Amino acid sequence: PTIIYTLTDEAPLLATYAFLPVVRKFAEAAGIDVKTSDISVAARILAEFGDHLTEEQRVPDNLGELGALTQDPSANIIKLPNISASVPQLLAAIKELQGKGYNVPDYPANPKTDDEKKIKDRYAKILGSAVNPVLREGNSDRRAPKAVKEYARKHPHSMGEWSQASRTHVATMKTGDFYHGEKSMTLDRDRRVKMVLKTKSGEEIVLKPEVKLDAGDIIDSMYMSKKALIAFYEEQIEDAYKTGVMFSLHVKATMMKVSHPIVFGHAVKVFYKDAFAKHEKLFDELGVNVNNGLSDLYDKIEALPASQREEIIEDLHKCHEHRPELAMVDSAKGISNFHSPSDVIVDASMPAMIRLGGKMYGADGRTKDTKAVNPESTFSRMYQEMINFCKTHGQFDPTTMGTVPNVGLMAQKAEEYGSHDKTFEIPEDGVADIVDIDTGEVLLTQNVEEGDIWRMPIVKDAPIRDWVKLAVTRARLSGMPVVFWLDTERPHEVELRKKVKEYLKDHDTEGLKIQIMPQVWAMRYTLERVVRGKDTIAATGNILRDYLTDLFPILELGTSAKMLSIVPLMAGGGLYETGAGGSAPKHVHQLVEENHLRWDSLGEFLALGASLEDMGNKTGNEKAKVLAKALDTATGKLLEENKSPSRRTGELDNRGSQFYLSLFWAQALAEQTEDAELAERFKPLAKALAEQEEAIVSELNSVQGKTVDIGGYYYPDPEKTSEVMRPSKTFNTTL
Amino acid sequence: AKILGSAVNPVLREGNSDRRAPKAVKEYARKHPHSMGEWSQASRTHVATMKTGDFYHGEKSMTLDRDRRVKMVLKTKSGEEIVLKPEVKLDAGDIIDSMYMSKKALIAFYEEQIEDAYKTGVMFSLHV
Amino acid sequence: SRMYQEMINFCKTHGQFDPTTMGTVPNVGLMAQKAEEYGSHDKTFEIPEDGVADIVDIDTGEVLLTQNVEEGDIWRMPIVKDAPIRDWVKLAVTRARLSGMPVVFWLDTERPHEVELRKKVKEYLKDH
Amino acid sequence: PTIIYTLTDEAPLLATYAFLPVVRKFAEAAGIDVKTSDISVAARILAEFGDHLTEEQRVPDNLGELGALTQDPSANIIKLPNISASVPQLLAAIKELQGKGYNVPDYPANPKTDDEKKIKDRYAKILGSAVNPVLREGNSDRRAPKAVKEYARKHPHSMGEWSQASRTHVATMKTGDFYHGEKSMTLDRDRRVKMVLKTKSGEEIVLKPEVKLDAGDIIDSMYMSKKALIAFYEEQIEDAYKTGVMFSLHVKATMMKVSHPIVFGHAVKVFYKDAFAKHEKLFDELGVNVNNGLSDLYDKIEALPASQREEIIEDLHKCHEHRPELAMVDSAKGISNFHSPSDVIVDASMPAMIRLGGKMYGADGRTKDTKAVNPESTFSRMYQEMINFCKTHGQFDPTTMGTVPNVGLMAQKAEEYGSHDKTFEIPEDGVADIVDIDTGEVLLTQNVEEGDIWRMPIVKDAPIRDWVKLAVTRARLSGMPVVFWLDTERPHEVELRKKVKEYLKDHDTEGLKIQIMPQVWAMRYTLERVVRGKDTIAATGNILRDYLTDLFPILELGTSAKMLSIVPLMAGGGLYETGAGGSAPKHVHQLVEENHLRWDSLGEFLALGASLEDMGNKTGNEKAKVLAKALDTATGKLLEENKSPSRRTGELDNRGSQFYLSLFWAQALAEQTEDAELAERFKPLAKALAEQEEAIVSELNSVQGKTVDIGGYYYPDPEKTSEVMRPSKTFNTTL
Amino acid sequence: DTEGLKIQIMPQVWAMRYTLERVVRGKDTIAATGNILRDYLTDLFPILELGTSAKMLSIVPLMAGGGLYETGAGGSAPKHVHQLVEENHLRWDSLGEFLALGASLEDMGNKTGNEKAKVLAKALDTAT
């Protein structure tokens, strides 16, 4: 019986070093082996480019290893947050590996040879959201545990007031976006299809040559219009200008790597319509692509003669005086919403804005109301309901409000999350058809234009069946009502409806409140009961899973770090994400400069409990059951005793919190009475740890306030990292 | 006092309201649209209303079993009983409500709303 | 008043209504025999001093509805009779059948008076 | 805002002495006054016979007082278990009261002078089940609270295995009993009726002069043929003998105080017919009434000369040679089934027998199979189905089985529970009619014989309406389907069916599974469901309410002493029974002799929670809600921490468990955040109690293991009892 | 979307009786029928109601999106010609052509957004 514990990047990794030894010590008491899997950015680079490496240097394909392991009914994988590499991050990681004797190739930005174009594609496999599409072979069960909600109640986080006179709102398209021209259908049998564009010339361009579809698959033909999108941006910028409200843009270019940078880019184009007109010729032969934000423009003009570059920056600030005020990522540095598409990520930025009382930062560094532009309507309308609701009701009260768990459809690159390699920026005007290869049958027709974003999302029948089952299970186990958020006026969501209606009958739903509502209705109904302190479960698609599991946890708890994220793997196993967020680069900074790690490991403690509980239910391990029960109360006690990491250096940090957890864990195991072997086994552990409490905490705190050597960043040296992360002689030995 | 105010309506209204626009009028409106003020997504106008201490949030109600004669009385702190309404004839199946608005809640609400309208710079209005 | 706010919100997000495309909203209103608030004028009082306000059956000593009120508070007892309610439900059905349009009874769940009405509507719909 | 807590008899009262102070302290924080009410056997003797008592000695008619309070829409009564006095109990209570200066008359068993008849008739008000009929002005909502059910799953109680080859069965009449001769009708209008017997002679005997009947009342005219009853017994006693299976008899002479002793008596008569023939003349003038069991015979022969009394007992033990084996109540002492009608009580004995695997105890001390004789078929056939089910399915599994909550028609002396003053042993062969005085119309005729038992049960229309409402209420609120146990072949239940069918339509039953099935079908349907882990509500008549709320809880939980018994009164208030069992005489035995009370007050804690919660809803007291939910979580923690009273002397007792409850109740209020004032109010208290925990516990346990002085039994001294029941001064001073 | 519509299916005999029962007392009913019944009925009732089928609309909304407009279901009337060649009087009623053209221009207007074609259709409707 074995649990895989992922070694990842930056902060969670550093924490793992201190925590792995303690989980291993507790897990062996139930005959559980804990093996690491290194899926760091460095490890993934070394696994891809083994060619130029020695035998000792080479790394196995650890990501792909886990990808296979998800097909095994006995899988038990605990996934920690890891880096989704941007280009700058990849570059830094390559230079660190090269510097350490690993001959890996330079990343070729603009490749001049055909062999450079070849390795740039191999690097593309490392860039961006690479891990998640592989590991997510089950659906999402994301929710906050009772002990965490009770902590929020006892220590209410700061929330900004919602004035009834608030001017902030969600501006979104009403025609010409993906939603309003969308086509959809469920497949009657297995088909192999192609995406073609029948041009005005009579020609037929092939955009995607072959894609294998199955029986019961739901496929969409959706497109956004370049013309409608520009017009929309024209209207909303002028409106923001006339009404005097700060302009902001909220998309997710990190994940939607094809469509969303185009959308982001157009916003910038029309906002600065005037400057991009005066410098059209210069910009094209400079190759500036502002889809990468203003960051791309500033970069390609930084090396220009002063007077020439200073004319361009003038034409940008001159364009501002008849434009609305812009939201700032960092006003002190002068970094705006338009700088980089990776700066303002929709799933995080929107809740941040709502929590702050519908506010974002301005040029002067003061919080302002905003027109949160959310071009695609499909998933943005639900935000507006909350805003409106908030205007009439005020800010949410974290002390009294209910919870909104989520049962998200995400398995096997579900819906939009798998459509990246099937999204195309239409080259010229024409008619876009998806066509069956083995028969001249046109399946979904659409009339598109030059610049349009066309795409074909896919959701498979098997994930859908599991998703309905997961929703029913959660209804049954928690007693909470579940609402499926499915529109009637969105073809894709009426297709899902047909399946949800059918597959609900294949279960025992006798005493369960289960209904289906359009998103805006569903959001309202949910808000209506949460404000009265009642709980509701949201059964949603992939993107809504993303949006809602940031929105509500941030409002309820103040963060999305302190929650359960369980993935019941379809083959029978289980994946346990410890965090939906990043790997916290700023956290590492504080540790390396003055050794205080302020990373909260509660998400790791929670996932482990879920992992141990499911291990017992699936393998018949009674000891694992007892370990899970003990850890839960230990986690609960850690919250109650307020022994989570402080942010201020010199005070209790991640390392100290891990001690208290292990103390309470050993304590719980000593005073439990369903397993006598374990009770007496941990009795001396609990006794030893409690009696040396103040010496251990002393050691773990007196070591702070100084620079520390971890031997790198993207590839830390284990020996030196282990020293830093386990500095208490007393704690190490007594363990 | 019997001539003052809305005197006519409560005497003639011995039925219920079937109020509706006639098709000819609705069809004329479609063909000849009246002017409508445009709504700004950034509009600051809102209904301000009480959250506690109004009729709604302290209301009690019942459906009556039988015909009875009730009075409305205030049992004062002193022990004295002031009769406010000597007699009212209730029928079986009558829905009656006991309903009150707190003076103190109303003044607090008003001080908060007037102040809020000022601090935000939005124009105050009262609709009764 | 909350109804108005919903429209305001709706209007902020959807814009102003278009008279050339919008549908009708006819009303079937309960009003017969000085129903609800429209008859409560003779039964509304500005409370002279702090005390308990009860509505009491004069024959026998049964206190039907009690309430704790303050000096300056406004307290009232609205009435709505059973046969008007019967007529109102029937009129709703008749208007539904004749026009062929859906009908929504605007009745709250968190308002005592409107739950009492709800009981009768649920009953008298079975009579048609 | 007043809660009425009932002072009763024996163990529950002793627990109250320690608990009343701590409930008062909590209830005052919400503005609720806890007012006492004394309904003990002693206080009921005093209230009746205030003839020779001083002003200070006199007590109000506390039962009549509470009976009157049920009409008050604000009634909040907590009913603890109380004595339903037998003759020996009555005498002992009288003798103690006399010796303490209370001048009350002796109870004359056989009144010599006619003045003794009046005071014997006045004592008849005190005898037996006198409290329940007065307090039950509502219908029964009996169910096991979720937290208790969960505890039974984690800690299963022992259950005897059911052999497929088991021979045990229910024996019951197929003709000549109440069921197979029943006539019933629903009243058209108000009537006044008399019960008359027109004899064969021509005389008219008035058994009941007048009874006032309302419109919509159901009345029955049921009788049991004496000739049939004896022939049945002859047959069954013979069958049990021939087949070699143990004979047992299960009736309820305790509450069915008129009919069932006649039923019990006849069994003894035909069983020992050979001895009752040899001594018929002697038995006659001794006034032997074996309707009171063999104990009656043994009493009346104990005074006789040795050679004669020994001859009698020899003719009784000699009769066993041609007879079947008898089930024993105490096989060491030789106390059998026939000793006393109050030993084997159908509602408790039948579950106990099923729980054991279909076993009762033998003369040899061994457990064996039994012919469980239940003469009246009406409510016994339902037991047989379970026996059959178990025979094919095995014994129930407490770790996986569902629940069977009950909604019981009992309000206003419903059905058989209010037919005692209307039951008659027929003096001679005739026709038994219930006749209207105004217009000499015979409503129901019936041809009866000498010995036959005749009765007219009554169930009023208004109770039936509330009963149906409570069924739909429970269905809506719990999501469980509900089944009405109504026979198609029983007049009474077809009359009820007419009503249920109609009154259901008066309610919103849109999302509910609600159906009507005959008893045996309903039982089978319910069993088919529990065994698959599914829940079902039983909406039943009065006697079935009693049977099923012992039966299922014994199987699910091991006891009927750990559950909610809510009585929503028809006038608006609520009565909350804390227990359905006795007042535990033996528990007092252990308290006075060795200072350990093993009474489980869980039923009190649960009832109080349901008392405080309903206080919040009815009045609008939000502070009541907070106390209720905090007691709910306090009671739940009591179970999970395993701190219910031990039975062993020297360990944690009733007093000790009351400390832990009040501790957790205090903690739950301190660490909650839905009421700011209450939180900081209990904060120092909760901090106090927890701090000297193993000091208070140390006191409450050290004082055990010795004889103690409470100053009486039926009327214990309030000053002495309070010293004993609150022996921890550390604990007491803390409030 | 059939929510406010009365739609039902009956056998031919029943449907005919049902239809007759309503039309004998001024009520209108649409007959949704198969091919031969379409023929039979659009002669029968138009003859009974109007005397001829040469005074009605026969619109064929073409499946591909267009529209065919039959001006008459009857023949080309040879005897009308005999009168025109011998006496110079054409008694042919072109009312079926006026109505068809009116339906043609109206569909033209709604299909292609032509407002001037809509105005031609309405002016023809009133002229007819």
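In order of appearance the chains are A, B, C, D and E, and numbering begins at 1 in each one.
In this section, a residue touches a chain if its C-beta (ideal position, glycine included) is under 8 Å from a C-beta of that chain, and two chains touch if they have at least 3 such contacts.
The set of chains in contact with chain C as well as chain E is empty. Rotation angle, chain A onto chain D, C-alpha superposition: 175 degrees, expressed as a multiple of 5.
Mean C-alpha positions place chain B and chain C at a centre distance of 10 Å.
Note: centroid distance chain A to chain C, computed from Cα atoms, is 48 Å.
Between chain A and chain D, the centres computed from C-alpha atoms are 60 Å apart.
Chain geometry summary: the mean Cα position of chain B and that of chain D are 53 Å apart. The multi-chain contact residues of chain B, meaning those touching 2 or more other chains, are 40-41, 43, 46-47.
If you check each pair of chains against the touch rule, the ones that pass are A-B, A-C, A-D, B-C, C-D, C-E. Partner chain D is touched in their complex by these residues of chain C: 122-123, 126.
Those residues of chain B that touch chain A in the shared complex are 40-44, 46-48, 116-117, 120, 122. Those residues of chain A lying in contact with chain D across their complex are 150, 153-154, 156, 399-400, 510-513, 533, 640, 673. Note for the complex: chain D touches chain A at residues 478-481, 513, 534-535, 642, 671-674. Remark: chain C residues 99-102 touch chain E in the complex.
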